[PDB]
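Next up is a structure, given as structure tokens.
Note that the chains are named A, B, C, D, E, F and G in the order they appear, and that numbering of residues resets to 1 at the start of each chain.
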Amino acid sequence: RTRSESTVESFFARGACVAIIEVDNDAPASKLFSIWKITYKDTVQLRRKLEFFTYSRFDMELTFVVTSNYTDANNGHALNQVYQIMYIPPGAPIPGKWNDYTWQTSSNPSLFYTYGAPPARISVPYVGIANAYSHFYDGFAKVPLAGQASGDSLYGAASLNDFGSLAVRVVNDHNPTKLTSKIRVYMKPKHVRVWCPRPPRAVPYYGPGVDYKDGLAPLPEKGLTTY
Amino acid sequence: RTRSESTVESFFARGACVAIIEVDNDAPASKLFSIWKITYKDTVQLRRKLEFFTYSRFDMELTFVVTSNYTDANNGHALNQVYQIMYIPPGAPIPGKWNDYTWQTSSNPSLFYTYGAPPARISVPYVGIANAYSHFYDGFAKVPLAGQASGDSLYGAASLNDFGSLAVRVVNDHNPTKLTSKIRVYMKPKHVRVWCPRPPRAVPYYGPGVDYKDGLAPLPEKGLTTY
Amino acid sequence: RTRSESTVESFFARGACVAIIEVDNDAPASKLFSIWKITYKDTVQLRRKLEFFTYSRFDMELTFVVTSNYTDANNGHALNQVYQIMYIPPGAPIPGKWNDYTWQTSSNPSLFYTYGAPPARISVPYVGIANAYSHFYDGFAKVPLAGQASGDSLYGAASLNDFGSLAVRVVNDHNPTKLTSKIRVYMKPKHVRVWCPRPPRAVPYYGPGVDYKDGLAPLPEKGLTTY
Amino acid sequence: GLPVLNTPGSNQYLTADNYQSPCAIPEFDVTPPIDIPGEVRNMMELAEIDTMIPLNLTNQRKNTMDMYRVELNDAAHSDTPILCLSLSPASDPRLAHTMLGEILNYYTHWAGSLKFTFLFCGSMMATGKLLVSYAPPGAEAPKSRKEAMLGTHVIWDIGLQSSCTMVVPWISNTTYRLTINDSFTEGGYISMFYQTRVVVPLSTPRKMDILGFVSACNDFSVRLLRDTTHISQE
Amino acid sequence: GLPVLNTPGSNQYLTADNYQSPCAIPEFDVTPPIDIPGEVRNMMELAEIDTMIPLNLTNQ
Amino acid sequence: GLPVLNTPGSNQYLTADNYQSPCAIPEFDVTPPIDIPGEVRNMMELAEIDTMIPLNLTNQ
Amino acid sequence: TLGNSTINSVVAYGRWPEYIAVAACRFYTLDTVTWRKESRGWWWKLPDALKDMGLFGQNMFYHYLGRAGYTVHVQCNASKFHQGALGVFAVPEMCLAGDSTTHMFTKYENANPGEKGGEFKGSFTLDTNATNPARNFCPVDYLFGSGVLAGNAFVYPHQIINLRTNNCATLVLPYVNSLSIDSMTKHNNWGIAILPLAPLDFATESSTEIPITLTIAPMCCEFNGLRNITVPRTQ
């Protein structure tokens, strides 16, 4: 009996949903474009699996599953939509309107997806500025100095997990009818290395940190002398 | 004259329908998701072919043929649907709602199918916890013990044929119009080995066991001295 | 000048239409499934080409071109249809209803075609029970014996050209609107060998045999001493 | 990318195709096989096993054990047949539901020799000689021992041995026969007659039973897998 | 997978094409051929046979 | 181009598949790894560590 | 000879029993049954039939896991003026149909009768008592008790006792299972079915009865998982 399926590679060799980005195709209450900051902490399953360890390196595979629907019955028909997903690394200009110049994406990587096509997919290598990703950071970005007023940075927040965002829009000019679309993002780590195992999360997550608020009594009742 | 087409491989080298899973795409009398327990005993033809033998090993190929239709005439149009089929191995959490967290499928294998694409297809190896599958099990899961009240397990039922389930939903947000879909599951055993041939079933099947209730007089009348 | 295009292979290297099978997608005057007995004698061109010879061997390539249409204007829309074509070899149970168990096709070869896809195509080898196909059979299946009442089999009819049938249905559940579909079957013999050339048919075909009824005066008038 | 052209047949699902597909459970550690007794490699191996023939399918016998027993008695010699069978191993109702017939009903074409064994189940004090005959097809079915004697046949002495096997060798115009009732591929006739009568002493049962078994020989083969008519779902 | 580009002519059915297709009856044991008299390899072999000319195509 | 035939399973997304995809950041100069203590290769290595059992799961 | 017990043969699937206790595994004689003219057949389960046999039953109930092959010897003698035939079939995983509209409703105490075994019926009777269901097997002889034609039961390892020829049958059954070793109290590896293929007859006597005796020796026995004694519930 070998341990092939319990290797770290096999443990993480699954596409996990991390985001549902919602966009609308409508004439300018609607949202003609959406910005999603790239993280695995919006969901729980992949986060709990990753937080078995303190540090990690891996490449990432992103898959995009796109669904769409009409909002009103017999309101009319629509032609097949094209979606733009633009990666905005930290520092790049962020779109402020559906039609602003930033969508020209001369230097930003961009993906154009045609509805009805198989889910889109890209891969990226290990992009951390440190030698590994930090699942936990016990420190501050700024040390407050004597003389400073009431260096107030949040606990655990550091730019070592700042990877930019995804800006998503519908490229088509707006139909006479309103359409709603959702893009589901699935992450798969590849070529994984991990360090410093930790006990798994036992209570519900509360925020991007390790704070807990509710569900603090997980274990059930079981008699000591009862099998 | 060779016996190439009567080998055990050739005898089972066909995709046989084993299930018709029905789902609906409607606003929340409808069924927005369906759970099907994985078995070949919902149909008869493949079951009868397999029960020529007592034990078997093989890999399995699953093919999914998806069809859909509107429920009402001229009620409106719909955008192309995406279907999620998630394998839930025994012990994994079972979805209770269309939108519950379990669909994130961080560790469960999942398949996303786009309507109009060729039927979906996956393969799995021999996954039995024993050294072979048991088509027949002459025993109980629990032995009732003296002292126990009125170990009452069903005859022949054992966890050696428990392979989990398939949870099927439509990923798209619900259209203004009601849509109905059916997913037909086709099984093909591959690399088959079989042991202990048995006489074939002669009367209609009745339940997952060998019980019989009706049609107990299969043979017709034929004179002894009539060709 | 070589004779490459007059070889027997080149003479038959064309897909010839042999059948137009009509099916309907409607709620249960309609025909929700159709049975077509496999033969090349429903059409004339391929039959006349084949009947240049007495005996033949070849593999067969079948191509299926599927077309469909609405029956009423503005009656509504429909989702893309899936068609099942099941080969029923002689002796296999024949479907009697659109939804009967036979469509599970555990042992029958079956083909699922998605509308809008390129025409479907399969190949079969030489499947004759004799050493060659018989285009002509000068005999009976039964010899009537003295003592028998008024062995009455048809002249020329023998089971040496019995190859089963094709059962065709629409897999989708029935739309609110009526749809009509036609499947055109195109045959191409391959790796052809032929024996015993015959004079070509000169008058219109009448039935599966060599009988003639009409058009018995094919040749025109032409003066003997006129160029 | 690489220039490609989609040929006809693209995107079809043929249930008899043989293609690769992605594995849904990668890196699974499969349980190794053990040496289980009774492995089968070919369905013909099951057709080569003798199984009892339900010969006596009368109104009062069918769907009971009595349908397997053919009664002999010690009456005076006669030329009337004891049993008559058509050599249609998949469509004759008496052979269709044996193991051989059940295997044959999953295929369209069959060829090869057959083996018919008959077991005499009377007392040890019983004697008699029987004639077992195969007539190839084409003529009227034999209705007396005179006509049956002209075909292939064997003489069975029950006193000498209680079980006797007649091999029906493969004799056909076509290379294969159909597994349905078809005149062009008819098989012939199997018949049983009294060669002498059955003789018993006093204080002995005067009626006894014989049983019939059929199997395929090593030259048997089948073709064109198909669905059976022996199972249906409602 | 492998990067591919669909050229024009994709998804067409040309009745004169020569392509492979899947076998619908795998592992079929084909009946061997016998030596039948009168085999033909080329249709010109039939055109090289003398046949009678209907020369007198008058009304009667 | 090259004659091809799309088999069933084309255009599906299986979350357990293992396929190549295009790189969205080509020519990225990846930071090399360092020798961090406590590397893990197999989850069973974590299961081989003794952990305390909550044996006394009574109400109080 | 096996142990202190002493005395054609058929080796099931041509495989002699083999290892992957020693004294306990010997020939044991079950209770004799009476073959009558109207008898329909008998069945037993192995290792269930031997559960109260000396040290073998003790080892069965003291261990979690056990495996064994068997040697089954059927004994039935009559005169040269008797006629009749028995078929003795050894069936791996011999599941028998129940008697109720509920699937797989046969209770453990009825599925494991012991050395007495059970009898086949000529026809199927449906148990209708709903307040107190019988939850017993209803095995029909011509359906071989499992919905298959008895005429094809000859695909199983088998012997025929023809009264005019022989009076005994010997079947050597190796351990057959999807596992190398299993629980002997949860699972019966083998079933023995004896059906009258030809009815018993004796001249001018509609009263004749003859005994049939079964002697079974477990072989190549292995036990593992010694713990306290298992005491199954009885009815």
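Methods note: contacts are C-beta pairs under 8 Å (C-beta built on N, C-alpha and C of every residue); 3 or more make two chains touch, one makes a residue touch a chain.
Chain-to-protein mapping (UniProt): A, B, C = Genome polyprotein.
Chemist: Which pair, A-D or C-D, has more C-beta contacts?
Modeler: Pair with the higher count of C-beta contacts: C-D.
Chemist: Look at interface C-E and say which pair in A-F, B-F or B-E is its repeat, using the rule that over half of the contact pairs are identical by residue number.
Modeler: Answer for C-E: the repeating interface is A-F.
Chemist: Mind having a look at which chain is the central one, using mean CA positions?
Modeler: B
Chemist: How many angstrom between the C-alpha centroids of subunit F and subunit A (Genome polyprotein)?
Modeler: 16
Chemist: Between subunit D and subunit G, what's the gap in Å when you average each chain's C-alpha atoms?
Modeler: Going by mean C-alpha positions, subunit D sits 29 Å from subunit G.
Chemist: In angstrom, rounded to a whole number, how far apart do the mean CA points of subunit B (Genome polyprotein) and subunit D lie?
Modeler: 34
Chemist: Suppose each chain is reduced to the average of its Cα coordinates; what separation in Å results between subunit F and subunit G?
Modeler: The separation of the two C-alpha centroids amounts to 53 Å.
Chemist: Counting only residues that touch at least two other chains, what does the list for subunit A (Genome polyprotein) look like?
Modeler: Within subunit A (Genome polyprotein), residues 3, 7, 13-16, 65, 117-119 contact more than one other chain.
Chemist: Two-or-more-chain contact residues of subunit F, please, as numbers and ranges.
Modeler: As it turns out, subunit F has residues touching two or more other chains at 1, 3-16, 18-20.
Chemist: Multi-chain contacts in subunit G: which residues touch at least two other chains?
Modeler: 13, 92, 149, 152, 155, 176, 178, 180 - these are the residues of subunit G that touch more than one other chain.
Chemist: What is the complete set of touching chain pairs?
Modeler: Applying the touch rule to all chain pairs gives A-B, A-D, A-F, B-C, B-D, B-E, B-F, B-G, C-D, C-E, D-E, D-F, D-G, E-F.
Chemist: Taking the complex as given, what residues does subunit B (Genome polyprotein) use to touch subunit C (Genome polyprotein)?
Modeler: 14-17, 43-46, 49, 65-75, 77-78, 115-119, 179-180, 182, 184
Chemist: Tell me, which parts of subunit E touch subunit B (Genome polyprotein) in their complex?
Modeler: These residues of subunit E touch subunit B (Genome polyprotein): 26-29.
Chemist: Quick check: in the complex, which residue numbers of subunit F touch subunit A (Genome polyprotein)?
Modeler: Touching subunit A (Genome polyprotein) from subunit F are residues 11-13, 15-16, 18-25, 28, 30-34, 36-46, 49, 51, 54-59.
Chemist: In the complex, go through subunit B (Genome polyprotein) and note every residue touching subunit A (Genome polyprotein).
Modeler: Subunit B (Genome polyprotein) residues touching subunit A (Genome polyprotein): 74-82, 101, 103-110, 112, 114, 116-117, 171-177.
Chemist: Can you check the complex and tell me which residues of subunit D touch subunit C (Genome polyprotein)?
Modeler: Spelled out, the residues of subunit D in touch with subunit C (Genome polyprotein) are 6-16, 90, 105-106, 108-109, 138-140, 174-180, 182-185, 224-229, 232-234.
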